[PDB]
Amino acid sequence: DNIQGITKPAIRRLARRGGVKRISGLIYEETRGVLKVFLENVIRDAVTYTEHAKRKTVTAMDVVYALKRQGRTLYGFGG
């Protein structure tokens, strides 16, 4: 599956940038669930803005407005 494309080594890299020294084996599946929940929440709102505009293309701005609503404001992609 695609969620499994988010690899153990890549999750490690993320942890490292997070200052993490040692990782438990259950961490990788736990991290995947968290990311999926995060993407579902943000993508759901962005697509809601896409449909409202009557488009078939999810725009950077759709994503930016979605992130802002979730209180996760992002700089660098417009607006």
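Start at 1 with the first residue shown and count on from there. Throughout, rigid core stands for the largest set of C-alpha atoms superposing within 1.5 Å between the two forms.
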State which stretch is farther from the displayed form on average in 4 other deposited structures of this protein, 12-20 or 64-72, counting RMS CA distance after fitting on the rigid core. 64-72
Taking the values exactly as deposited, rank residue 43 by C-alpha B-factor within its chain and report the matching third: lowest, middle or highest. middle
Mind checking which third residue 35 falls in for C-alpha B-factor across the chain? lowest
Using the temperature factors of the C-alpha atoms in this entry, rank residue 12 within its chain: lowest, middle or highest third. highest
Relative to the other modelled residues of the same chain, rank the CA B-factor of residue 18 and answer lowest, middle or highest third. lowest
